[PDB]
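Below: the structure, in structure tokens.
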Protein chains: 2
Amino acid sequence: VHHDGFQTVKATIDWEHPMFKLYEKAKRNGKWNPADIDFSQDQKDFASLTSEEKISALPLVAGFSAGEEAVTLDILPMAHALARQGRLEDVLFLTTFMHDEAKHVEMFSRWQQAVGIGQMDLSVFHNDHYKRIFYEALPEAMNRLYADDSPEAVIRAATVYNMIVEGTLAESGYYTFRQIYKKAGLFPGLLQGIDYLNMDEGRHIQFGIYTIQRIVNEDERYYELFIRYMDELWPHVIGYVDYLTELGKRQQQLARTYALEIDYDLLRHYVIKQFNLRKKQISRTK
Amino acid sequence: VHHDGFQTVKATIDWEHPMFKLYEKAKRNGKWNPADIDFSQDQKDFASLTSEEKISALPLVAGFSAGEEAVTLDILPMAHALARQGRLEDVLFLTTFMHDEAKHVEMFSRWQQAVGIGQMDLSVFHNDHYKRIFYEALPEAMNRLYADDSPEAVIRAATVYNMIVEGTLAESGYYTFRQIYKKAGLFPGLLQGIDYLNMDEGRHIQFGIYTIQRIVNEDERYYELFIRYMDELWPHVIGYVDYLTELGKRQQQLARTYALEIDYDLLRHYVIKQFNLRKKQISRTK
Ligand SMILES: CCCCCCCCCCCCCCCC(=O)O
Ligand SMILES: CCCCCCCCCCCCCCCC(=O)O
Ligand SMILES: [Fe+3]
Ligand SMILES: [Fe+3]
Ligand SMILES: [Mn+2]
Ligand SMILES: [Mn+2]
Ligand SMILES: [Mn+3]
Ligand SMILES: [Mn+3]
Ligand code: NA
Ligand code: NA
């Protein structure tokens, strides 16, 4: 459908818009390139491990690789919906969001290739709860925006993408990687990637907070919808976490070899904490 | 609609894919930031000009600013269509394409703001032929891909976007800027931007060539469609060029002051040459 006119011909970019500022920060802080990371030491670590210890890191990598690919594809409808609404500054920012996720897909795929498991199909570590979030709910909620860009639909998309997938699962995954592999002194290239990912993620979550809060600001009754959509996905979040935990408790060999005291209770409480903390970053009033 | 699985969990990125290589080149060669460009000398040049000379550069800037905004919005459906087809490497590359165009929108808008014409509505320099391409045909052809991703639709979208808008109009515009303002020693910040834009554009055009050629490779009869879609838009291309030329010939004061011999015939032949050259980068056979 036709353009009526163009903001940057009639006027200029809104230089003070919060998403324009976030866009500027993303260009400044987003120079990293997965292709520059040295994975040579990761190859050697992984080869040195036994079959049993080798398996241990794969479930978390399986979760991340599919998750990065899902969001790369599933962010496009949000960019379209906001473009149609004429929110140019949000679109500018979303180009950095999409390009970030592309590099995240690239980072985990380079690690898989480097350590010699590219040919292995890691879908075996996606349980039913994971599939519900990443194979189904995420794409349903985002694709909806093509035909329905009501405040209800936008809130649900932002909640599932930014507050659950990124703000709850991804954040807890970064924490888990550091608690286990950083302590062991294993997989330095991967952990360097994880640090860059964690920094990009801060902006992604802030876009979701901005989006949800500007809709709640119009009608405080959307606050209840946000809470409800958070709670709907909790059982799948914790059902995936419990599955990973249970795989971890059965495959102890890595924790024994590296003298790691993997506290699964601490990791569980971190996920619960992340979830409640995201809930609290949205104000009912304002 | 649900994901069936994920390429980077089952396998890896296709490291040898042409669009993966182009994506790698884009990350290496796309570090520039419009926010770093010094426009202080451009402000002074523009202030030093008289009202008559001031007007002279505005029509070309008006064309570019709207053009950059249109493609930023209108590339999204191509990314979606290729994602739905499972072309992950093309999607990775398109994140760099979209982010490039965002910086291009930003560059011209910063120049407008800097030289003191942000508040001026430059839509007055968009004639009917321009509107036909940028307000109508471009968004029609791209939005079609949401509901129709047939080889016919993809070829038409790539032809209008990459071969006409970028490969014919944008390229001739970069050439025009250099022939006029670079010779005058005017607007150094802007010309620095134009150099970065011209470098990004090389990748954008290569994506269009790749896309059109891989469809023609399947059925040489799509070649005729490509030619036909090129020819359909020619009258609007040359109708806009003739309008700009005619504005240029009426406002001679800048060319006189800076001792510039603006050869409008040369600029016209460059557009004609660009158009035929794009036609020839697609092989009917292969
Ligand atoms: C064993 C403790 C459980 C910790 C939770 C681990 C969650 C794994 C992360 C997989 C999904 C990551 C989603 C990526 C989101 C993004 O890239 O923006
Ligand atoms: C006076 C000689 C005519 C030269 C032709 C000038 C064309 C102006 C360019 C306006 C459209 C630019 C489109 C941008 C495309 C992109 O950013 O990929
Ligand atoms: Fe993210
Ligand atoms: Fe371009
Ligand atoms: Mn269960
Ligand atoms: Mn005419
Ligand atoms: Mn990510
Ligand atoms: Mn451009
Ligand atoms: Na303006
Ligand atoms: Na794999």
Side-chain angles (χ1 to χ4, degrees), chain A residues 8 26 30 32 34 61 63-75 92 95-109 134 138 161-162 165-171 173-174 177 193-205 207-208, chain B residues 8 22 26 30 32 34 61 63-75 78 92-109 134 138 142 158 160-174 177 193-209:
Chain A
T8 58
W32 77 279
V61 173
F64 266 105
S65 273
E68 310 298 350
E69 196 170 320
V71 305
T72 301
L73 306 172
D74 296 341
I75 194 59
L92 300 185
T95 71
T96 73
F97 191 145
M98 289 179 304
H99 182 58
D100 290 344
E101 299 303 355
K103 298 188 299 179
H104 303 177
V105 171
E106 184 195 353
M107 197 283 290
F108 286 103
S109 195
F134 286 95
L138 175 59
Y161 203 113
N162 307 111
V165 164
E166 292 174 320
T168 301
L169 288 172
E171 282 294 334
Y174 301 141
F177 265 120
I194 295 291
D195 283 340
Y196 292 129
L197 264 55
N198 199 163
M199 282 185 51
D200 300 332
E201 203 70 81
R203 304 186 299 272
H204 307 174
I205 290 164
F207 165 84
Chain B
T8 58
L22 199 63
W32 77 279
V61 173
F64 266 105
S65 273
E68 310 298 350
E69 196 170 320
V71 305
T72 301
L73 306 172
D74 296 341
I75 194 59
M78 177 70 74
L92 300 185
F93 168 70
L94 287 172
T95 71
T96 73
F97 191 145
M98 289 179 304
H99 182 58
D100 290 344
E101 299 303 355
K103 298 188 299 179
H104 303 177
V105 171
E106 184 195 353
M107 197 283 290
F108 286 103
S109 195
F134 286 95
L138 175 59
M142 309 306 300
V160 176
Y161 203 113
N162 307 111
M163 307 303 269
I164 292 299
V165 164
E166 292 174 320
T168 301
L169 288 172
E171 282 294 334
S172 298
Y174 301 141
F177 265 120
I194 295 291
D195 283 340
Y196 292 129
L197 264 55
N198 199 163
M199 282 185 51
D200 300 332
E201 203 70 81
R203 304 186 299 272
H204 307 174
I205 290 164
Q206 289 170 243
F207 165 84
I209 290 157

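In what follows, chains are A, B, ... by sequence order, proteins preceding strands, each numbered from 1. Remember, it's 1-based here, ligands and their atoms both numbered in the order they're listed.
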Verdict with supporting geometry, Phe64(B) and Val105(B), side chain to side chain contact (heavy atoms under 4.5 Å, CB included): CA-CA 8 Å; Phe64(B) 266 105; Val105(B) 171; over 6 Å; no
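Salt-bridge formation is not detected for the pair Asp200(A)/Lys103(A): no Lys NZ or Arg NE/NH1/NH2 atom is positioned less than 4.0 Å from an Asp or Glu carboxylate oxygen.
The Fe ion (ligand 4) lies under 2.8 Å from an N, O or S atom belonging to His204(B). Residue contacts to the Fe ion (ligand 4): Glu166(B) brings an N, O or S atom closer than 2.8 Å. Not one N, O or S atom of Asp100(B) sits under 2.8 Å from the Fe ion (ligand 4). At a threshold of 2.8 Å, the Fe ion (ligand 4) has no backbone or side-chain N, O or S atom of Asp200(B) nearer than that distance.
Minimum interatomic distance between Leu138(A) and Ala70(A) (heavy atoms only, all atoms of both residues): CD2-CB, 3.9 Å. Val160(B) and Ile164(B) make their closest contact through O-CB, 3.5 Å (heavy atoms, listed as atom of the first residue, atom of the second, distance).
Panel note: side chain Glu201(A), backbone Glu166(A); no donor-acceptor pair is recorded below 3.5 Å. Although no hydrogens or angles enter the test, the distance criterion places a donor-acceptor pair under 3.5 Å between the side chain of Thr96(B) and the main chain of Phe93(B). Looking at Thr95(A), its side chain does come within 3.5 Å of a backbone N or O of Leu92(A) through a donor-acceptor pair.
Less than 2.8 Å away from the Mn ion (ligand 7), the protein contributes these N/O/S atoms: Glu68(A) OE1, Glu101(A) OE1, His104(A) ND1.
Residues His204(A) and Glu101(A) bring a donor and an acceptor atom of their side chains to less than 3.5 Å of each other.
When you scan the N, O or S atoms of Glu201(B) for the one nearest the Fe ion (ligand 4), you land on OE2. Residue-level check: among N/O/S atoms of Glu101(B), OE2 sits closest to the Fe ion (ligand 4).
The aromatic rings of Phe97(B) and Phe207(B) lie perpendicular to each other, with more than 60° between the two planes, well past the 30° mark.
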